[PDB]
Amino acid sequence: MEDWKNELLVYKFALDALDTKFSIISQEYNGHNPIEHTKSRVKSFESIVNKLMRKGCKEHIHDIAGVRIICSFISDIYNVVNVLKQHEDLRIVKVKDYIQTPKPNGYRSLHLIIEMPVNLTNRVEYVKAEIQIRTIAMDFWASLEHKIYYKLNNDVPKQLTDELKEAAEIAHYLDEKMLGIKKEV
Amino acid sequence: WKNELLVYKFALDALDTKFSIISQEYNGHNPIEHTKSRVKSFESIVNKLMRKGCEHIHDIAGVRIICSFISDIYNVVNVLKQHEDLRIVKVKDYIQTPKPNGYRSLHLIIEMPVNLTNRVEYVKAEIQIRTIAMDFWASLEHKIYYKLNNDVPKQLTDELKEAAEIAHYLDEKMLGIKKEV
Amino acid sequence: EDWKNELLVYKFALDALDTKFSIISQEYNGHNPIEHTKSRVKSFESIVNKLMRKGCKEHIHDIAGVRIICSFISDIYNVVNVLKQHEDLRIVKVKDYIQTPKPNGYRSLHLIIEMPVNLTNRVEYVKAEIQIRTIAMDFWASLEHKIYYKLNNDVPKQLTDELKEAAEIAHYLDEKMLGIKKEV
Amino acid sequence: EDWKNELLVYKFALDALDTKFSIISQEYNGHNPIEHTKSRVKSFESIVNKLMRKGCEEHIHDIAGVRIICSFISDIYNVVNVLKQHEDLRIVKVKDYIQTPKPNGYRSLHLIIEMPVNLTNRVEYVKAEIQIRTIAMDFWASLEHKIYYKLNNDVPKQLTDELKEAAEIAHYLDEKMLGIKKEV
């Protein structure tokens, strides 16, 4: 419907606001910042419905506004998470530390759903957003697995999924080994 | 002084998305064409503070909203009043009561919360809302006074006042033509 | 089909022209006259309505359009004089609507060029129409379009006459504002 | 004295190269291998410190530097073959540090080019060094430089050896991660 242009637009505003917050977060480290790139994605209404096609057509979907913070090191992930707690204009509703507690896919990230106030002209709206904080190799393994499942439509053999598992054992072992090298300085 | 001016830099970066969003509620036409933010330098602060004793200066962070029509100027003012995350401290409508210079604008100092890591700071910023010709007449006068160092002959100032008297009659006429649509 | 391939070369040329004007202005920072540069690749629908006078042929010049908004009238011709001293573009056509304005009051300085674009395949020579204007010229044009657009070409004489008045003054302004700079 | 003009053309060359890589990726809108492009004009100071092997006061190549960071190893050479089919740049030198890596573990594909820059005065033929890398290559390089900076070129043996171990894996990753795309 066209009640959808108005509400989905509010979610776009929240992302523009988060960009300056994450720009400011690194600008308090300008003495080094771990946030290298940040990719924000508002869901395309239909993907909402196809995911809502599991339920009934509701404002309980968290990844309407999604942001991926890609940090340099694992230690830098939790540093941003702990920093986001000391901010008032957003409260952490949920947090899922898939690092150390990964999925059977090998998938590792640190998701956290927030409640975001958006100052508009009429009044204020409180929208939810799910932030996914990852290292470099974590965002690349995730983007790769998705692009594989996209072409093959969920029908992936065991060896191909097992290969993806090996890449996760390494990418974390990589991010682990690369972390200990920074620790020496 | 390194850290404190940075908070003012964050305040302007935050307003840019606010003005970007205000224009996206008209996507049925938006009046804000360009927006130029200028954080004043350390040296400019002191020389202007040289009239008192060494953060009560408001235009530390300055924003210029250049609107298309005069009517759109007050619409941004009325929009900024229905906002909670900033409160209007002062308002100077140099339109309708302009300076003897011919200078016309609508300045308004606000108090802006800046969410940092430790806590929040409430900083002041001066927003200067203008039409196109107001920003061009202002930018020209400043560049004249800059080259001549405040020593401007009377004839040159009279034309600038004349140039301002006309530019408003322009912005007035161009507004009434839009009204017919 | 092959409309996607040809329209992209026109989009690419603007990306190439965009850096040329960024470089042109970075050679005058000792003051540069270029305040805005807005590139607009023409819309597929607008092309047809303009092509509806011919047959659905690359003789439409403003497929890639750039608006140079300069501070003063004197600043316009300096960009023209700079654009003449470039090899990788040759001026094909020139229409000085300043001093020779239309009856609507429209004033600008258009000049069609031919631009080489080095691509992967080889190089393509496309046409672009550059429109150099002052601040008030770009605003009077943008306003007239928005008026004719809403009223669908049916605009009374009184409304156009006001527009005639509005254009005659803004130039007298741009002239008066020009002469004030001369004294400095 | 007038270092200002000659160093400035290197800034202009990147503005032109930036659109070439922006346009190269727009010819793949059917998949693009170029993820980000970062242009770095060398710092007035670094030129001299780099010149400390010769005599102070244009045979230093990386004055204008561009890093194409690709997703996979196969995507690197696709950019190389695309850059060969362009006329407005000729490859002077090519160093494939992949397959022939350094003893520190550094891996990339460097190639110095010669770029014509159309300016207002005339055209200048400048050199630029493009470094094409995967994701892990740019991160390992950024790590090694940040280490040598803190330790002032004085790095112990284990740290250099660990970095090679860290490098031996990241490429074995980029190799394994490459074949997974091939199965699709």
# chains A, B, ... in the order shown; residues from 1 in each chain; ligands from 1
>>> closest_atom_pairs(of="chain C", to="chain B", cutoff="12 Å", atoms="only C-alpha atoms", output="JSON lines")
{"residue": "C:31", "atom": "CA", "partner": "B:143", "partner_atom": "CA", "distance": 11.7}
{"residue": "C:35", "atom": "CA", "partner": "B:34", "partner_atom": "CA", "distance": 11.1}
{"residue": "C:36", "atom": "CA", "partner": "B:34", "partner_atom": "CA", "distance": 9.8}
{"residue": "C:70", "atom": "CA", "partner": "B:136", "partner_atom": "CA", "distance": 11.6}
{"residue": "C:71", "atom": "CA", "partner": "B:136", "partner_atom": "CA", "distance": 8.6}
{"residue": "C:72", "atom": "CA", "partner": "B:136", "partner_atom": "CA", "distance": 10.7}
{"residue": "C:134", "atom": "CA", "partner": "B:136", "partner_atom": "CA", "distance": 11.0}
{"residue": "C:135", "atom": "CA", "partner": "B:132", "partner_atom": "CA", "distance": 7.8}
{"residue": "C:136", "atom": "CA", "partner": "B:133", "partner_atom": "CA", "distance": 7.9}
{"residue": "C:137", "atom": "CA", "partner": "B:132", "partner_atom": "CA", "distance": 11.5}
{"residue": "C:138", "atom": "CA", "partner": "B:132", "partner_atom": "CA", "distance": 10.8}
{"residue": "C:139", "atom": "CA", "partner": "B:68", "partner_atom": "CA", "distance": 8.4}
{"residue": "C:140", "atom": "CA", "partner": "B:174", "partner_atom": "CA", "distance": 8.5}
{"residue": "C:141", "atom": "CA", "partner": "B:174", "partner_atom": "CA", "distance": 11.8}
{"residue": "C:142", "atom": "CA", "partner": "B:68", "partner_atom": "CA", "distance": 10.5}
{"residue": "C:143", "atom": "CA", "partner": "B:178", "partner_atom": "CA", "distance": 8.0}
{"residue": "C:144", "atom": "CA", "partner": "B:178", "partner_atom": "CA", "distance": 9.4}
{"residue": "C:145", "atom": "CA", "partner": "B:178", "partner_atom": "CA", "distance": 11.5}
{"residue": "C:146", "atom": "CA", "partner": "B:178", "partner_atom": "CA", "distance": 9.0}
{"residue": "C:147", "atom": "CA", "partner": "B:181", "partner_atom": "CA", "distance": 6.8}
{"residue": "C:148", "atom": "CA", "partner": "B:181", "partner_atom": "CA", "distance": 9.5}
{"residue": "C:149", "atom": "CA", "partner": "B:181", "partner_atom": "CA", "distance": 10.1}
{"residue": "C:150", "atom": "CA", "partner": "B:181", "partner_atom": "CA", "distance": 7.2}
{"residue": "C:151", "atom": "CA", "partner": "B:181", "partner_atom": "CA", "distance": 7.6}
{"residue": "C:152", "atom": "CA", "partner": "B:181", "partner_atom": "CA", "distance": 11.3}
{"residue": "C:154", "atom": "CA", "partner": "B:181", "partner_atom": "CA", "distance": 11.8}
{"residue": "C:155", "atom": "CA", "partner": "B:181", "partner_atom": "CA", "distance": 10.0}
{"residue": "C:156", "atom": "CA", "partner": "B:180", "partner_atom": "CA", "distance": 10.4}
{"residue": "C:158", "atom": "CA", "partner": "B:177", "partner_atom": "CA", "distance": 10.0}
{"residue": "C:159", "atom": "CA", "partner": "B:177", "partner_atom": "CA", "distance": 7.0}
{"residue": "C:160", "atom": "CA", "partner": "B:177", "partner_atom": "CA", "distance": 9.2}
{"residue": "C:161", "atom": "CA", "partner": "B:177", "partner_atom": "CA", "distance": 10.3}
{"residue": "C:162", "atom": "CA", "partner": "B:177", "partner_atom": "CA", "distance": 7.2}
{"residue": "C:163", "atom": "CA", "partner": "B:177", "partner_atom": "CA", "distance": 7.6}
{"residue": "C:164", "atom": "CA", "partner": "B:174", "partner_atom": "CA", "distance": 11.1}
{"residue": "C:165", "atom": "CA", "partner": "B:173", "partner_atom": "CA", "distance": 9.0}
{"residue": "C:166", "atom": "CA", "partner": "B:170", "partner_atom": "CA", "distance": 6.8}
{"residue": "C:167", "atom": "CA", "partner": "B:170", "partner_atom": "CA", "distance": 9.3}
{"residue": "C:168", "atom": "CA", "partner": "B:170", "partner_atom": "CA", "distance": 10.4}
{"residue": "C:169", "atom": "CA", "partner": "B:170", "partner_atom": "CA", "distance": 7.4}
{"residue": "C:170", "atom": "CA", "partner": "B:170", "partner_atom": "CA", "distance": 7.2}
{"residue": "C:171", "atom": "CA", "partner": "B:170", "partner_atom": "CA", "distance": 10.9}
{"residue": "C:172", "atom": "CA", "partner": "B:166", "partner_atom": "CA", "distance": 9.6}
{"residue": "C:173", "atom": "CA", "partner": "B:163", "partner_atom": "CA", "distance": 6.9}
{"residue": "C:174", "atom": "CA", "partner": "B:163", "partner_atom": "CA", "distance": 9.4}
{"residue": "C:175", "atom": "CA", "partner": "B:163", "partner_atom": "CA", "distance": 10.2}
{"residue": "C:176", "atom": "CA", "partner": "B:163", "partner_atom": "CA", "distance": 7.0}
{"residue": "C:177", "atom": "CA", "partner": "B:163", "partner_atom": "CA", "distance": 6.7}
{"residue": "C:178", "atom": "CA", "partner": "B:140", "partner_atom": "CA", "distance": 10.1}
{"residue": "C:179", "atom": "CA", "partner": "B:159", "partner_atom": "CA", "distance": 9.5}
{"residue": "C:180", "atom": "CA", "partner": "B:156", "partner_atom": "CA", "distance": 7.0}
{"residue": "C:181", "atom": "CA", "partner": "B:144", "partner_atom": "CA", "distance": 7.6}
{"residue": "C:182", "atom": "CA", "partner": "B:144", "partner_atom": "CA", "distance": 10.5}
{"residue": "C:183", "atom": "CA", "partner": "B:156", "partner_atom": "CA", "distance": 8.0}
{"residue": "C:184", "atom": "CA", "partner": "B:144", "partner_atom": "CA", "distance": 7.0}
>>> residues_around(residues="stretch 8-18 of chain B", least_positions_apart="3", cutoff="8 Å", atoms="only C-alpha atoms", output="PDB file with C-alpha atoms, in the first residue's frame")
ATOM      1  CA  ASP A  16      21.337   8.794   7.787  1.00  0.00           C
ATOM      2  CA  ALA A  17      21.474   9.635  11.497  1.00  0.00           C
ATOM      3  CA  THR A  20      27.049  10.591  11.576  1.00  0.00           C
ATOM      4  CA  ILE A  24      31.566  10.618  15.236  1.00  0.00           C
TER       5      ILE A  24
ATOM      6  CA  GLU B   4      36.437  21.457  22.494  1.00  0.00           C
ATOM      7  CA  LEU B   5      36.087  22.785  18.943  1.00  0.00           C
ATOM      8  CA  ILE B  21      15.714  15.010   6.193  1.00  0.00           C
ATOM      9  CA  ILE B  22      13.627  18.205   6.402  1.00  0.00           C
ATOM     10  CA  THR B  35      23.776  24.240   2.833  1.00  0.00           C
ATOM     11  CA  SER B  37      28.549  24.986   7.390  1.00  0.00           C
ATOM     12  CA  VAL B  39      33.249  26.278  12.041  1.00  0.00           C
ATOM     13  CA  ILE B  60      31.069  29.330  16.799  1.00  0.00           C
ATOM     14  CA  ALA B  61      29.195  26.861  14.579  1.00  0.00           C
ATOM     15  CA  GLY B  62      27.443  28.546  11.659  1.00  0.00           C
ATOM     16  CA  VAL B  63      25.028  27.098   9.102  1.00  0.00           C
ATOM     17  CA  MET B 112      22.055  21.495  20.395  1.00  0.00           C
ATOM     18  CA  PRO B 113      22.795  18.283  22.344  1.00  0.00           C
ATOM     19  CA  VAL B 114      25.846  16.400  21.043  1.00  0.00           C
ATOM     20  CA  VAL B 123      26.342  23.457  22.406  1.00  0.00           C
TER      21      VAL B 123
END
>>> interface_residues(of="chain D", to="chain A", cutoff="12 Å", atoms="only C-alpha atoms", output="ChimeraX atom specification")
/D:35-36,70-72,134-152,155-156,158-184
>>> interface_residues(of="chain B", to="chain A", cutoff="6 Å", atoms="only C-alpha atoms", output="list in words")
residues 79, 82 and 117 of chain B
>>> atom_distance(atom1="atom CA of residue B:44", atom2="atom CA of residue B:100")
24.7 Å
